[PDB]
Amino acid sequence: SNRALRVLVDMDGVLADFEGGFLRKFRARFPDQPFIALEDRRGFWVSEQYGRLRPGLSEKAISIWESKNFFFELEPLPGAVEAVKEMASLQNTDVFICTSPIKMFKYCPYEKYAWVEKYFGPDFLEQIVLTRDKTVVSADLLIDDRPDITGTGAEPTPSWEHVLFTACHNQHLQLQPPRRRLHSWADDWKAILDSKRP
């Protein structure tokens, strides 16, 4: 609730299970192709790992998340909806969902709004920021599964502290101190927010 601590919450990999949705739909569509089990995922870009696996598989992978209903049908991560609803109800706390669309824009922007409406309600649509460059969005915190966030972004010194949210693709990564992780929504996110308050 609305100086408020401002928290940017990423969508794919934090609220929505992109990795699991992708794998399931990839195996269904391309049952004769090899795949990458989640525990074996390494690196942020799915299509790059698939492209190394077999020739043509980058393009096949892309075709999964370019398809209609891919984004809309993603399942929420455990605890994500509940945590963000609670976070948004806290005193002196403003929550925005900060998400980057894919390059093919026929479905993805629309479906992200629709997904937010479905899980958070119409009033939360006000809190969505769509951008490929999150460094130009000012906040105290950014909770996001992408390790390299600057990429490179236009703002060399973002205002936010990036808290890395654990995902299959980043779980083994050693971070440079003092970078921090949120391991799951079961982990103590309130303590992370409180550490940034006056």
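Numbers follow the displayed sequence, beginning with 1.
- In terms of unmodelled positions of the deposited sequence, the stretch from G151 to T152 in this entry skips 4 to 9 residues.
- In this entry, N2 is separated from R3 by 4 to 9 residues of the deposited sequence that have no coordinates.
- Per the PDB record, of the two stretches 8-16 and 174-182, 174-182 carries the greater mean B-factor over its C-alpha atoms.
- Just going by the entry, 68-76 versus 82-90 on mean CA temperature factor gives the higher value to 82-90.
- Of all the options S138, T166, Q33, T131, the entry's greatest CA B-factor is assigned to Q33.
- In the deposited entry, the Cα temperature factor of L142 sits in the bottom third of values across the chain's modelled residues.
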